[PDB]
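Quick heads-up: the C-alpha coordinates below are two forms of one chain, split into structure 1 and structure 2.
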Structure 1
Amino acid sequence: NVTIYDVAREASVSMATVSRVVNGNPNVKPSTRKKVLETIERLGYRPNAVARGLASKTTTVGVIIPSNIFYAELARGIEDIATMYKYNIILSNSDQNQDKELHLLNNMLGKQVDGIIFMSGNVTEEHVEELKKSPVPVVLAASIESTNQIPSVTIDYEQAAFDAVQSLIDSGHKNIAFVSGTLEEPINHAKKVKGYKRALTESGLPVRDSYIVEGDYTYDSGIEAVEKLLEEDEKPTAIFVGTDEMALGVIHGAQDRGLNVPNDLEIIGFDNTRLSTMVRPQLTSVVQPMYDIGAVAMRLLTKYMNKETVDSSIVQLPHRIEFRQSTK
(Lines of atoms letter the chains of each structure in order from A and count residues from 1; the text may use other names and numbers.)
(Lines give C-alpha, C1' and ligand atoms only; values in the text may rest on other atoms or scores of the structure.)
Protein backbone atom coordinates (compact mmCIF):
# COMPACT_ATOMS: atom_id res chain seq x y z
CA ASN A 1 0.00 0.00 0.00
CA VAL A 2 2.70 2.52 1.00
CA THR A 3 6.10 3.57 -0.44
CA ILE A 4 9.00 5.79 0.43
CA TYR A 5 7.40 8.07 -2.18
CA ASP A 6 4.11 8.12 -0.27
CA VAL A 7 5.91 9.08 2.93
CA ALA A 8 8.09 11.82 1.40
CA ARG A 9 5.07 13.52 -0.14
CA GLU A 10 3.23 13.28 3.21
CA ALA A 11 6.06 14.70 5.33
CA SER A 12 7.02 17.17 2.58
CA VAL A 13 10.57 15.96 2.08
CA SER A 14 12.38 14.07 -0.66
CA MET A 15 12.56 10.25 -0.98
CA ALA A 16 16.25 10.57 -0.23
CA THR A 17 15.44 12.19 3.12
CA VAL A 18 12.90 9.54 4.07
CA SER A 19 15.63 6.99 3.37
CA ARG A 20 18.12 9.02 5.27
CA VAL A 21 15.78 8.75 8.21
CA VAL A 22 14.97 5.09 7.52
CA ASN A 23 18.72 4.33 7.51
CA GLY A 24 19.14 6.19 10.78
CA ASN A 25 21.32 8.91 9.25
CA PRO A 26 22.51 10.95 12.24
CA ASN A 27 22.77 14.41 10.64
CA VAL A 28 19.14 14.72 9.77
CA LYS A 29 17.68 17.73 11.55
CA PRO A 30 15.80 15.98 14.33
CA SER A 31 12.63 17.98 13.65
CA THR A 32 12.79 16.47 10.20
CA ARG A 33 13.43 12.99 11.61
CA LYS A 34 10.56 13.53 13.99
CA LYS A 35 8.04 14.43 11.34
CA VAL A 36 9.29 11.71 9.02
CA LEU A 37 9.00 9.13 11.80
CA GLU A 38 5.44 10.13 12.66
CA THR A 39 4.44 10.00 9.01
CA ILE A 40 5.99 6.54 8.80
CA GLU A 41 4.16 5.31 11.86
CA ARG A 42 1.02 7.05 10.77
CA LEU A 43 0.84 5.78 7.19
CA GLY A 44 2.02 2.28 8.19
CA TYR A 45 5.20 2.35 6.19
CA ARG A 46 7.59 -0.57 6.69
CA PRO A 47 11.20 -0.26 5.63
CA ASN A 48 11.48 -3.98 5.04
CA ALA A 49 10.41 -4.79 1.48
CA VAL A 50 9.60 -8.47 2.12
CA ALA A 51 7.28 -7.37 4.94
CA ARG A 52 6.01 -4.35 2.95
CA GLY A 53 5.13 -6.69 0.07
CA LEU A 54 3.63 -9.31 2.41
CA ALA A 55 1.15 -6.82 3.90
CA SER A 56 -0.16 -5.90 0.45
CA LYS A 57 0.06 -7.61 -2.97
CA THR A 58 -4.85 -7.63 -4.99
CA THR A 59 -6.97 -6.39 -7.89
CA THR A 60 -8.18 -2.81 -8.03
CA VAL A 61 -10.77 -0.86 -9.98
CA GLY A 62 -11.06 2.76 -11.05
CA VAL A 63 -14.48 4.29 -11.00
CA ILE A 64 -15.15 7.47 -12.96
CA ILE A 65 -18.40 9.15 -11.97
CA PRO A 66 -19.95 12.64 -12.30
CA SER A 67 -21.88 11.90 -7.00
CA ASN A 68 -25.34 13.21 -6.15
CA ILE A 69 -27.67 10.23 -5.43
CA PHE A 70 -28.60 7.94 -8.27
CA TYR A 71 -24.88 8.04 -8.69
CA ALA A 72 -24.40 7.11 -5.04
CA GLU A 73 -26.44 3.90 -5.30
CA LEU A 74 -24.48 2.94 -8.38
CA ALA A 75 -21.44 3.42 -6.23
CA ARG A 76 -22.81 1.42 -3.35
CA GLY A 77 -23.52 -1.33 -5.83
CA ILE A 78 -19.97 -1.39 -7.09
CA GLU A 79 -18.52 -0.96 -3.62
CA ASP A 80 -20.57 -3.85 -2.34
CA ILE A 81 -19.13 -6.25 -4.94
CA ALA A 82 -15.57 -4.98 -4.50
CA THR A 83 -16.03 -5.72 -0.83
CA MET A 84 -16.90 -9.38 -1.08
CA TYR A 85 -14.70 -9.83 -4.12
CA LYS A 86 -11.98 -8.32 -1.88
CA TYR A 87 -11.09 -5.79 -4.59
CA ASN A 88 -10.44 -2.09 -4.26
CA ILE A 89 -12.24 0.99 -5.46
CA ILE A 90 -10.66 4.13 -6.83
CA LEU A 91 -13.62 6.48 -7.02
CA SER A 92 -13.33 10.00 -8.39
CA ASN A 93 -15.83 12.69 -9.38
CA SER A 94 -15.45 14.04 -12.90
CA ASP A 95 -17.92 16.17 -14.83
CA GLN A 96 -16.32 18.11 -17.65
CA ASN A 97 -15.31 15.87 -20.52
CA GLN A 98 -11.87 17.43 -19.95
CA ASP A 99 -12.00 16.29 -16.31
CA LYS A 100 -13.45 13.00 -17.64
CA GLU A 101 -10.60 12.17 -20.05
CA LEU A 102 -7.78 13.06 -17.65
CA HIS A 103 -9.17 10.76 -14.95
CA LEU A 104 -8.99 8.13 -17.72
CA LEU A 105 -5.36 8.55 -18.72
CA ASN A 106 -5.07 9.45 -15.01
CA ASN A 107 -6.02 6.45 -12.84
CA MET A 108 -5.01 4.57 -16.01
CA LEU A 109 -1.66 4.37 -14.26
CA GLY A 110 -3.42 2.29 -11.59
CA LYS A 111 -2.05 -0.80 -9.84
CA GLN A 112 -2.29 -4.61 -9.45
CA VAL A 113 -4.63 -6.35 -11.94
CA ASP A 114 -6.67 -3.20 -12.64
CA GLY A 115 -9.77 -2.35 -14.73
CA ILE A 116 -12.25 0.53 -15.05
CA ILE A 117 -15.96 1.33 -14.66
CA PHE A 118 -17.03 4.45 -16.53
CA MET A 119 -20.30 6.39 -16.37
CA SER A 120 -21.00 9.57 -18.30
CA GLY A 121 -24.24 11.29 -19.40
CA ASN A 122 -23.06 10.93 -22.98
CA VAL A 123 -20.13 9.70 -25.08
CA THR A 124 -17.07 11.43 -26.48
CA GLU A 125 -15.90 9.60 -29.65
CA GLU A 126 -12.50 10.58 -28.29
CA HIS A 127 -13.70 8.57 -25.29
CA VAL A 128 -14.46 5.52 -27.47
CA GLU A 129 -10.82 5.59 -28.61
CA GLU A 130 -9.12 6.13 -25.21
CA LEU A 131 -11.09 3.27 -23.68
CA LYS A 132 -9.82 1.07 -26.52
CA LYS A 133 -6.21 2.12 -25.78
CA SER A 134 -6.16 1.31 -22.09
CA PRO A 135 -4.98 -2.29 -21.77
CA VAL A 136 -7.34 -2.97 -18.87
CA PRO A 137 -10.97 -3.63 -19.82
CA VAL A 138 -13.60 -0.97 -19.35
CA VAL A 139 -17.25 -1.37 -18.52
CA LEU A 140 -19.82 1.33 -19.13
CA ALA A 141 -22.47 1.80 -16.50
CA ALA A 142 -25.78 3.54 -17.24
CA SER A 143 -24.02 4.83 -20.35
CA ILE A 144 -24.29 3.88 -24.01
CA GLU A 145 -22.26 4.81 -27.09
CA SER A 146 -23.66 3.07 -30.19
CA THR A 147 -20.01 2.20 -29.96
CA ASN A 148 -21.07 -1.31 -29.00
CA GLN A 149 -17.51 -2.54 -28.63
CA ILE A 150 -17.63 -1.18 -25.13
CA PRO A 151 -19.30 -3.51 -22.66
CA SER A 152 -22.21 -1.72 -21.09
CA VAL A 153 -24.58 -2.40 -18.22
CA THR A 154 -27.73 -0.32 -18.41
CA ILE A 155 -31.45 -0.48 -18.72
CA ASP A 156 -33.26 -0.77 -22.00
CA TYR A 157 -33.91 2.91 -22.64
CA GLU A 158 -35.92 2.34 -25.77
CA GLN A 159 -38.27 -0.06 -24.07
CA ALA A 160 -38.34 2.22 -20.98
CA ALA A 161 -39.37 5.13 -23.23
CA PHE A 162 -41.78 2.83 -24.95
CA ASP A 163 -43.13 1.84 -21.53
CA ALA A 164 -43.34 5.48 -20.38
CA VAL A 165 -45.28 6.35 -23.47
CA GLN A 166 -47.45 3.25 -23.34
CA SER A 167 -48.88 4.34 -20.00
CA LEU A 168 -49.95 7.59 -21.55
CA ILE A 169 -51.68 5.77 -24.34
CA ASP A 170 -53.30 3.23 -21.99
CA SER A 171 -54.84 6.25 -20.37
CA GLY A 172 -56.58 7.67 -23.44
CA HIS A 173 -54.08 10.14 -24.92
CA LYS A 174 -53.76 10.41 -28.64
CA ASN A 175 -51.69 13.57 -28.66
CA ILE A 176 -48.51 12.88 -26.78
CA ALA A 177 -45.24 14.70 -27.12
CA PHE A 178 -41.67 14.10 -26.12
CA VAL A 179 -39.25 16.54 -24.58
CA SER A 180 -35.77 15.37 -25.10
CA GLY A 181 -32.28 16.09 -23.95
CA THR A 182 -29.85 17.03 -26.72
CA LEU A 183 -30.81 14.73 -29.61
CA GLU A 184 -27.19 14.36 -30.69
CA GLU A 185 -26.79 12.01 -27.72
CA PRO A 186 -27.74 8.37 -28.45
CA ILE A 187 -29.84 7.97 -25.25
CA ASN A 188 -32.02 10.46 -27.07
CA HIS A 189 -31.92 10.18 -30.88
CA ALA A 190 -31.42 6.42 -30.82
CA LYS A 191 -33.39 5.17 -27.76
CA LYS A 192 -36.00 7.27 -26.01
CA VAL A 193 -36.95 8.82 -29.35
CA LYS A 194 -37.30 5.34 -30.97
CA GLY A 195 -39.23 3.96 -27.98
CA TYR A 196 -41.42 7.03 -28.09
CA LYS A 197 -42.04 6.74 -31.80
CA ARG A 198 -42.66 2.99 -31.49
CA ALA A 199 -45.10 3.43 -28.64
CA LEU A 200 -46.96 5.79 -30.96
CA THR A 201 -46.68 3.61 -34.05
CA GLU A 202 -47.77 0.33 -32.40
CA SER A 203 -51.06 1.92 -31.45
CA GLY A 204 -51.38 3.58 -34.80
CA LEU A 205 -50.75 7.06 -33.55
CA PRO A 206 -49.46 10.08 -35.49
CA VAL A 207 -45.77 10.76 -35.09
CA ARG A 208 -45.54 14.58 -35.59
CA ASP A 209 -42.11 16.19 -35.81
CA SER A 210 -43.44 19.13 -33.82
CA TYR A 211 -44.34 16.91 -30.88
CA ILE A 212 -40.65 16.37 -30.41
CA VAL A 213 -38.98 19.31 -28.68
CA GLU A 214 -35.29 19.39 -27.85
CA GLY A 215 -34.16 20.74 -24.47
CA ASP A 216 -30.63 21.06 -23.01
CA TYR A 217 -31.24 19.17 -19.79
CA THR A 218 -32.14 22.24 -17.74
CA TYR A 219 -35.20 23.11 -15.87
CA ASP A 220 -35.78 26.07 -18.16
CA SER A 221 -35.52 24.36 -21.51
CA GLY A 222 -38.11 22.20 -19.84
CA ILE A 223 -40.16 25.36 -19.36
CA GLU A 224 -39.44 26.65 -22.86
CA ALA A 225 -40.45 23.34 -24.44
CA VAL A 226 -43.90 23.38 -22.81
CA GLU A 227 -44.38 26.92 -24.09
CA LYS A 228 -43.67 25.56 -27.58
CA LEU A 229 -45.88 22.50 -27.36
CA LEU A 230 -48.64 24.52 -25.85
CA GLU A 231 -48.59 26.69 -28.92
CA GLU A 232 -49.26 23.79 -31.25
CA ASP A 233 -52.59 23.84 -33.02
CA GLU A 234 -53.95 20.67 -31.46
CA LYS A 235 -52.05 20.65 -28.19
CA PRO A 236 -50.59 17.52 -26.57
CA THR A 237 -52.54 16.25 -23.57
CA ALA A 238 -49.54 14.37 -22.35
CA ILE A 239 -45.82 14.73 -22.52
CA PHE A 240 -42.97 12.38 -21.96
CA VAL A 241 -39.83 14.10 -20.79
CA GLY A 242 -36.39 12.69 -21.18
CA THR A 243 -35.18 13.57 -17.71
CA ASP A 244 -36.76 14.71 -14.44
CA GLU A 245 -35.09 18.08 -14.29
CA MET A 246 -36.59 19.18 -17.56
CA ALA A 247 -39.88 17.70 -16.56
CA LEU A 248 -40.14 19.90 -13.49
CA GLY A 249 -39.90 22.69 -16.03
CA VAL A 250 -42.68 21.17 -18.09
CA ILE A 251 -45.04 20.74 -15.16
CA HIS A 252 -44.34 24.30 -14.07
CA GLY A 253 -44.76 25.91 -17.45
CA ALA A 254 -48.17 24.25 -17.74
CA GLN A 255 -49.12 25.26 -14.30
CA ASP A 256 -48.06 28.76 -15.30
CA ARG A 257 -50.35 28.51 -18.38
CA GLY A 258 -53.23 27.65 -16.06
CA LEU A 259 -53.18 23.89 -16.86
CA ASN A 260 -53.74 21.25 -14.17
CA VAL A 261 -51.03 18.76 -14.77
CA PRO A 262 -52.69 15.40 -14.20
CA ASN A 263 -56.02 16.76 -15.40
CA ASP A 264 -55.09 18.94 -18.33
CA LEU A 265 -51.78 17.38 -19.13
CA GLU A 266 -50.13 14.20 -17.96
CA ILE A 267 -46.44 14.13 -17.56
CA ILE A 268 -43.84 11.46 -17.08
CA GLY A 269 -40.07 11.78 -16.74
CA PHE A 270 -36.97 9.75 -16.49
CA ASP A 271 -34.54 8.65 -13.94
CA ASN A 272 -36.09 8.80 -10.50
CA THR A 273 -34.15 11.78 -9.20
CA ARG A 274 -34.66 13.53 -5.89
CA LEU A 275 -36.43 16.20 -7.91
CA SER A 276 -39.19 13.83 -9.06
CA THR A 277 -40.42 14.02 -5.48
CA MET A 278 -39.76 17.72 -5.16
CA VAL A 279 -42.60 19.08 -7.44
CA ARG A 280 -46.17 18.95 -6.57
CA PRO A 281 -47.98 16.89 -9.01
CA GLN A 282 -45.17 14.44 -8.07
CA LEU A 283 -43.55 13.29 -11.27
CA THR A 284 -44.22 9.69 -12.22
CA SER A 285 -40.95 8.64 -13.60
CA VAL A 286 -38.76 5.88 -14.77
CA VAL A 287 -36.66 4.09 -12.22
CA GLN A 288 -33.37 2.62 -13.23
CA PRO A 289 -31.97 0.04 -10.83
CA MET A 290 -28.64 1.76 -10.25
CA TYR A 291 -27.44 -0.33 -7.40
CA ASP A 292 -27.84 -3.39 -9.62
CA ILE A 293 -26.38 -1.66 -12.64
CA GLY A 294 -23.20 -0.94 -10.72
CA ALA A 295 -23.19 -4.38 -9.15
CA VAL A 296 -23.76 -6.20 -12.44
CA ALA A 297 -21.24 -3.82 -13.95
CA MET A 298 -18.60 -4.71 -11.40
CA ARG A 299 -19.24 -8.37 -12.04
CA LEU A 300 -19.03 -7.86 -15.79
CA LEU A 301 -15.74 -6.06 -15.64
CA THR A 302 -14.60 -8.92 -13.42
CA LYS A 303 -15.43 -11.63 -15.97
CA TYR A 304 -13.23 -9.63 -18.37
CA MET A 305 -10.36 -8.97 -16.01
CA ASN A 306 -10.46 -12.77 -15.48
CA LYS A 307 -11.03 -13.46 -19.20
CA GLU A 308 -14.22 -15.50 -19.66
CA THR A 309 -17.30 -16.01 -21.78
CA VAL A 310 -20.93 -14.73 -21.70
CA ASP A 311 -22.39 -11.77 -23.64
CA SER A 312 -21.18 -8.21 -22.88
CA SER A 313 -22.39 -4.84 -24.11
CA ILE A 314 -26.01 -5.98 -24.39
CA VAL A 315 -26.49 -6.27 -20.61
CA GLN A 316 -29.84 -4.67 -20.02
CA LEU A 317 -31.44 -4.86 -16.62
CA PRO A 318 -35.06 -4.11 -16.16
CA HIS A 319 -36.51 -0.76 -15.23
CA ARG A 320 -39.84 0.11 -13.74
CA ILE A 321 -41.97 3.16 -13.48
CA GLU A 322 -42.88 4.91 -10.26
CA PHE A 323 -46.36 6.13 -10.83
CA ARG A 324 -46.93 9.27 -8.85
CA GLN A 325 -49.33 12.12 -9.34
CA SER A 326 -48.26 13.68 -12.62
CA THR A 327 -50.04 10.86 -14.41
CA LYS A 328 -53.72 10.16 -13.66
Structure 2
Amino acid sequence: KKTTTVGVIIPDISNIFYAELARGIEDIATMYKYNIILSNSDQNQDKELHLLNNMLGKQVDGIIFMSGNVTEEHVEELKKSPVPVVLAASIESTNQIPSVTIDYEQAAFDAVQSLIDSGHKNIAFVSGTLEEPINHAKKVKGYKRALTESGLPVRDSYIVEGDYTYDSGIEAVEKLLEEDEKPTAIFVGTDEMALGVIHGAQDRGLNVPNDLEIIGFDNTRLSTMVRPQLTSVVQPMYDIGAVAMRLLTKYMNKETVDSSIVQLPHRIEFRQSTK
Protein backbone atom coordinates (compact mmCIF):
# COMPACT_ATOMS: atom_id res chain seq x y z
CA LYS A 1 0.00 0.00 0.00
CA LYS A 2 1.53 3.37 1.15
CA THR A 3 4.97 3.78 -0.55
CA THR A 4 6.50 6.80 1.32
CA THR A 5 6.92 8.45 -2.02
CA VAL A 6 4.97 11.62 -3.10
CA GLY A 7 4.87 12.59 -6.75
CA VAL A 8 4.51 16.18 -7.80
CA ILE A 9 3.74 17.59 -11.21
CA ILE A 10 5.34 21.00 -11.67
CA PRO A 11 5.44 22.94 -15.01
CA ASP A 12 9.14 23.53 -15.75
CA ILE A 13 11.79 23.42 -13.08
CA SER A 14 14.10 25.46 -15.28
CA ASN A 15 11.87 28.26 -14.02
CA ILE A 16 13.33 29.90 -10.90
CA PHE A 17 9.83 30.53 -9.44
CA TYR A 18 9.05 26.79 -9.59
CA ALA A 19 12.63 26.06 -8.76
CA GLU A 20 12.60 27.45 -5.23
CA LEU A 21 9.38 25.56 -5.05
CA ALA A 22 11.15 22.21 -5.13
CA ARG A 23 13.32 23.14 -2.17
CA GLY A 24 9.98 24.11 -0.73
CA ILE A 25 8.74 20.58 -1.29
CA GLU A 26 11.94 18.60 -1.38
CA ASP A 27 13.08 20.11 1.92
CA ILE A 28 10.02 19.14 3.99
CA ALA A 29 9.15 15.90 2.22
CA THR A 30 12.62 14.89 3.54
CA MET A 31 12.16 16.09 7.09
CA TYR A 32 9.04 13.88 6.78
CA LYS A 33 10.85 11.03 4.90
CA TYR A 34 9.12 10.81 1.47
CA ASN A 35 11.02 10.54 -1.79
CA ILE A 36 9.53 13.10 -4.24
CA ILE A 37 9.01 11.93 -7.72
CA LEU A 38 9.51 15.15 -9.65
CA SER A 39 7.90 15.36 -12.98
CA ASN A 40 7.78 18.29 -15.38
CA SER A 41 4.27 19.32 -16.48
CA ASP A 42 5.11 21.76 -19.24
CA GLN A 43 1.58 23.21 -18.88
CA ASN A 44 -0.52 21.08 -21.27
CA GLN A 45 -3.87 19.34 -20.45
CA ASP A 46 -2.61 15.86 -21.47
CA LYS A 47 0.92 16.38 -20.13
CA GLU A 48 -0.89 17.17 -16.86
CA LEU A 49 -3.87 14.82 -16.86
CA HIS A 50 -1.72 11.88 -17.96
CA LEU A 51 1.42 12.27 -15.97
CA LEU A 52 -0.87 12.19 -12.93
CA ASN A 53 -2.28 8.67 -13.48
CA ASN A 54 1.23 7.31 -12.95
CA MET A 55 2.00 9.14 -9.68
CA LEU A 56 -1.00 6.96 -8.93
CA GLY A 57 0.09 3.76 -10.71
CA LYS A 58 3.63 3.78 -9.36
CA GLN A 59 1.77 4.12 -5.97
CA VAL A 60 2.76 7.39 -4.19
CA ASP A 61 1.00 8.32 -0.95
CA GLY A 62 -0.03 11.74 -2.17
CA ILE A 63 0.55 14.40 -4.83
CA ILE A 64 1.31 18.08 -4.59
CA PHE A 65 0.22 19.26 -8.10
CA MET A 66 0.92 22.59 -9.78
CA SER A 67 -0.35 24.44 -12.78
CA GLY A 68 -0.85 28.00 -13.84
CA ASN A 69 -4.43 27.01 -14.42
CA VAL A 70 -5.88 23.97 -12.63
CA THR A 71 -8.88 23.31 -14.93
CA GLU A 72 -12.54 22.46 -14.46
CA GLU A 73 -12.18 18.82 -15.41
CA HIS A 74 -8.71 18.60 -13.81
CA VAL A 75 -10.45 18.90 -10.46
CA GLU A 76 -12.68 15.95 -11.32
CA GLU A 77 -9.80 13.49 -11.91
CA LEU A 78 -8.37 15.30 -8.88
CA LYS A 79 -11.45 14.97 -6.74
CA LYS A 80 -11.38 11.33 -7.91
CA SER A 81 -7.73 10.64 -7.04
CA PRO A 82 -7.50 7.78 -4.43
CA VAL A 83 -4.49 9.55 -3.02
CA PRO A 84 -4.37 13.03 -1.41
CA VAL A 85 -3.71 16.00 -3.75
CA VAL A 86 -2.67 19.46 -2.39
CA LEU A 87 -2.60 22.07 -5.18
CA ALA A 88 0.34 24.37 -4.70
CA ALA A 89 0.78 27.97 -5.80
CA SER A 90 -1.97 27.06 -8.26
CA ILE A 91 -5.73 27.87 -8.12
CA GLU A 92 -9.27 26.62 -8.93
CA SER A 93 -12.63 28.23 -7.79
CA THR A 94 -14.05 25.34 -5.75
CA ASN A 95 -11.66 24.90 -2.78
CA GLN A 96 -12.60 21.29 -3.33
CA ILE A 97 -8.87 20.37 -3.22
CA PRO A 98 -6.67 21.61 -0.41
CA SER A 99 -4.53 24.41 -1.67
CA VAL A 100 -1.64 26.30 -0.23
CA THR A 101 -0.85 29.55 -2.05
CA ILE A 102 -0.55 33.29 -1.31
CA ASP A 103 -3.36 35.91 -1.56
CA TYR A 104 -3.24 36.79 -5.25
CA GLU A 105 -6.08 39.29 -5.49
CA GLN A 106 -5.20 41.86 -2.82
CA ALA A 107 -1.49 41.60 -3.34
CA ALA A 108 -2.17 42.75 -6.92
CA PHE A 109 -4.37 45.50 -5.52
CA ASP A 110 -1.94 46.87 -2.88
CA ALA A 111 0.97 47.79 -5.14
CA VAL A 112 -1.46 49.38 -7.57
CA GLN A 113 -2.95 51.68 -4.97
CA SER A 114 0.37 51.93 -3.21
CA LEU A 115 1.51 53.52 -6.44
CA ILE A 116 -1.42 55.89 -6.71
CA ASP A 117 -0.67 57.61 -3.38
CA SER A 118 2.83 58.04 -4.63
CA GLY A 119 0.95 60.91 -6.21
CA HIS A 120 -0.12 58.63 -9.05
CA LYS A 121 -2.38 59.33 -12.01
CA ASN A 122 -2.18 57.00 -14.95
CA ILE A 123 -1.10 53.50 -13.78
CA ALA A 124 -0.65 50.31 -15.86
CA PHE A 125 -0.58 46.54 -15.86
CA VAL A 126 1.84 44.21 -17.58
CA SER A 127 1.18 40.55 -16.63
CA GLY A 128 1.57 37.38 -18.69
CA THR A 129 -1.07 34.78 -19.74
CA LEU A 130 -4.42 36.55 -19.33
CA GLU A 131 -5.97 33.06 -19.46
CA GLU A 132 -4.51 31.70 -16.17
CA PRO A 133 -7.26 32.20 -13.57
CA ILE A 134 -4.20 33.17 -11.57
CA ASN A 135 -4.01 36.33 -13.66
CA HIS A 136 -7.24 37.61 -15.23
CA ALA A 137 -9.35 36.72 -12.17
CA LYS A 138 -6.71 37.81 -9.68
CA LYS A 139 -3.77 40.17 -10.31
CA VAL A 140 -5.87 42.15 -12.72
CA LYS A 141 -8.81 41.82 -10.35
CA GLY A 142 -6.81 43.64 -7.69
CA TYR A 143 -5.09 45.78 -10.27
CA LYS A 144 -8.54 46.90 -11.19
CA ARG A 145 -10.35 47.08 -7.87
CA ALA A 146 -7.93 49.30 -6.00
CA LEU A 147 -7.93 51.24 -9.23
CA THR A 148 -11.71 51.73 -9.69
CA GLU A 149 -12.15 52.13 -5.89
CA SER A 150 -10.45 55.51 -5.99
CA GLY A 151 -12.24 56.58 -9.17
CA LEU A 152 -9.87 56.07 -12.14
CA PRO A 153 -10.12 55.18 -15.76
CA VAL A 154 -9.77 51.39 -15.76
CA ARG A 155 -8.44 51.65 -19.39
CA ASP A 156 -8.87 48.14 -20.84
CA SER A 157 -5.72 48.57 -22.84
CA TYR A 158 -3.48 49.89 -20.20
CA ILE A 159 -2.77 46.20 -19.76
CA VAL A 160 -0.62 44.15 -22.20
CA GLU A 161 0.52 40.54 -21.50
CA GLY A 162 3.85 39.23 -22.91
CA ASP A 163 4.90 35.75 -21.75
CA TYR A 164 7.04 35.44 -18.60
CA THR A 165 10.32 36.69 -20.12
CA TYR A 166 12.66 39.68 -19.60
CA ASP A 167 12.69 40.31 -23.39
CA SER A 168 8.88 40.61 -23.41
CA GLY A 169 8.95 42.71 -20.22
CA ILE A 170 10.83 45.41 -22.17
CA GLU A 171 8.78 44.73 -25.33
CA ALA A 172 5.54 45.35 -23.45
CA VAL A 173 6.84 48.61 -21.90
CA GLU A 174 7.43 49.65 -25.40
CA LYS A 175 4.06 48.95 -27.00
CA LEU A 176 2.43 50.40 -23.85
CA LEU A 177 4.59 53.50 -24.06
CA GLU A 178 3.90 53.89 -27.82
CA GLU A 179 0.58 55.15 -26.67
CA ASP A 180 -0.49 58.79 -26.54
CA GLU A 181 -1.36 58.77 -22.88
CA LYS A 182 1.94 57.91 -21.05
CA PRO A 183 1.82 56.06 -17.55
CA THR A 184 2.95 57.61 -14.30
CA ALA A 185 3.54 53.97 -13.21
CA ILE A 186 3.43 50.19 -14.01
CA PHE A 187 2.60 46.87 -12.44
CA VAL A 188 3.94 43.46 -13.46
CA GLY A 189 3.57 39.82 -12.25
CA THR A 190 6.73 38.01 -13.50
CA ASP A 191 9.49 39.14 -11.16
CA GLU A 192 11.91 39.36 -14.11
CA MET A 193 9.38 41.13 -16.40
CA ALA A 194 10.20 43.88 -13.96
CA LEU A 195 13.81 44.06 -15.21
CA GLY A 196 12.18 43.54 -18.56
CA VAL A 197 10.51 46.86 -17.81
CA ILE A 198 13.18 48.81 -15.84
CA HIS A 199 16.01 48.26 -18.35
CA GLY A 200 12.92 48.53 -20.57
CA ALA A 201 12.12 52.22 -20.56
CA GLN A 202 15.71 52.79 -19.40
CA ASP A 203 16.73 51.72 -22.88
CA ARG A 204 14.55 54.41 -24.68
CA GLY A 205 16.00 56.95 -22.21
CA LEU A 206 13.82 57.19 -19.06
CA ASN A 207 14.81 57.29 -15.35
CA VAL A 208 13.17 55.24 -12.52
CA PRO A 209 11.32 56.08 -10.32
CA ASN A 210 12.30 59.36 -11.92
CA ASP A 211 10.33 58.92 -15.15
CA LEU A 212 8.28 55.93 -14.16
CA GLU A 213 7.47 54.36 -10.78
CA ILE A 214 7.51 50.53 -11.30
CA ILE A 215 6.71 47.58 -9.04
CA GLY A 216 6.13 43.86 -9.52
CA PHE A 217 5.86 40.34 -8.11
CA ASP A 218 7.61 37.51 -6.19
CA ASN A 219 10.64 39.39 -4.66
CA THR A 220 12.82 36.43 -5.67
CA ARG A 221 16.60 37.01 -5.84
CA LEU A 222 16.06 38.56 -9.29
CA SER A 223 14.75 41.62 -7.31
CA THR A 224 18.25 42.69 -6.26
CA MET A 225 20.46 42.14 -9.37
CA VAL A 226 19.05 45.36 -11.00
CA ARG A 227 19.73 49.12 -11.02
CA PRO A 228 17.42 50.42 -9.78
CA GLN A 229 16.97 47.40 -7.55
CA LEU A 230 13.31 46.32 -8.09
CA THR A 231 10.55 47.26 -5.65
CA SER A 232 8.13 44.25 -5.65
CA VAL A 233 5.47 42.00 -4.06
CA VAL A 234 6.73 39.42 -1.65
CA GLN A 235 5.58 35.81 -2.17
CA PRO A 236 7.42 32.83 -0.71
CA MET A 237 8.05 30.47 -3.65
CA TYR A 238 9.71 28.07 -1.17
CA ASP A 239 7.35 28.72 1.73
CA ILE A 240 4.57 27.57 -0.59
CA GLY A 241 6.59 24.41 -1.08
CA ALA A 242 7.01 24.04 2.68
CA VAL A 243 3.46 24.52 3.91
CA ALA A 244 2.32 22.54 0.82
CA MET A 245 3.76 19.18 1.69
CA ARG A 246 3.47 19.65 5.52
CA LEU A 247 -0.19 19.86 4.58
CA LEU A 248 -0.23 16.84 2.25
CA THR A 249 1.74 15.12 5.01
CA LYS A 250 -0.94 16.14 7.47
CA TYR A 251 -3.39 14.40 5.13
CA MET A 252 -1.18 11.36 4.40
CA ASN A 253 -0.47 10.88 8.13
CA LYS A 254 -4.03 11.25 9.30
CA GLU A 255 -3.43 14.45 11.28
CA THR A 256 -6.25 16.99 11.79
CA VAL A 257 -6.00 19.56 9.10
CA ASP A 258 -7.00 23.02 10.01
CA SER A 259 -7.90 24.93 6.84
CA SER A 260 -7.82 22.91 3.65
CA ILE A 261 -7.11 26.12 1.80
CA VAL A 262 -4.26 28.42 2.92
CA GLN A 263 -2.71 31.67 2.00
CA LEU A 264 0.67 32.41 3.63
CA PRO A 265 1.43 36.15 4.38
CA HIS A 266 2.49 38.76 1.75
CA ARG A 267 4.10 42.18 2.08
CA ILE A 268 5.66 44.80 -0.15
CA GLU A 269 9.39 44.95 -0.65
CA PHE A 270 10.23 48.33 -2.06
CA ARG A 271 13.74 48.46 -3.44
CA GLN A 272 14.09 51.27 -5.91
CA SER A 273 11.66 51.09 -8.81
CA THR A 274 9.48 53.06 -6.46
CA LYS A 275 10.27 56.39 -4.72
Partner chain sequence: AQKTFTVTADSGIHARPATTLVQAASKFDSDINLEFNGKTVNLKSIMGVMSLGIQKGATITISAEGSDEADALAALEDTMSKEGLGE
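For the two forms, the rigid core is made up of the largest set of C-alpha atoms that agree within 1.5 Å on superposition. Reference numbering: structure 1, starting with residue 1.
*Asks:* The form deposited with its partner chain bound: 1 or 2?
*Replies:* Note: form deposited with its partner chain bound is structure 2; the other is not.
*Asks:* Fix the rigid core, compare C-alpha positions between structures 1 and 2, and report which of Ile169, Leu205, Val193, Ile90 shifts by 2 Å or more.
*Replies:* Flagged residue: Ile90.
*Asks:* Comparing between structures 1 and 2 on the rigid core: C-alpha of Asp271 shifted by 2 Å or more?
*Replies:* Superposed on the core, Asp271 moves its C-alpha less than 2 Å between structures 1 and 2.
*Asks:* Determine whether the C-alpha of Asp256 shifts by 2 Å or more between structures 1 and 2 once the rigid core is superposed.
*Replies:* Not so; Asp256 is displaced by less than 2 Å.
*Asks:* Superposing on the rigid core, I want to see if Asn106 changes position between structures 1 and 2 - specifically a Cα shift of 2 Å or more.
*Replies:* After core superposition, the displacement of the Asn106 C-alpha between structures 1 and 2 reaches the 2 Å mark, so yes.
*Asks:* Could you state, for a rigid core superposition, the Cα shift of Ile223 between structures 1 and 2 in Å?
*Replies:* Here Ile223 registers a C-alpha shift of 0.8 Å.
*Asks:* Rigid core superposed, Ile150 Cα shift between structures 1 and 2 in Å?
*Replies:* So the C-alpha of this residue moves 1.9 Å.
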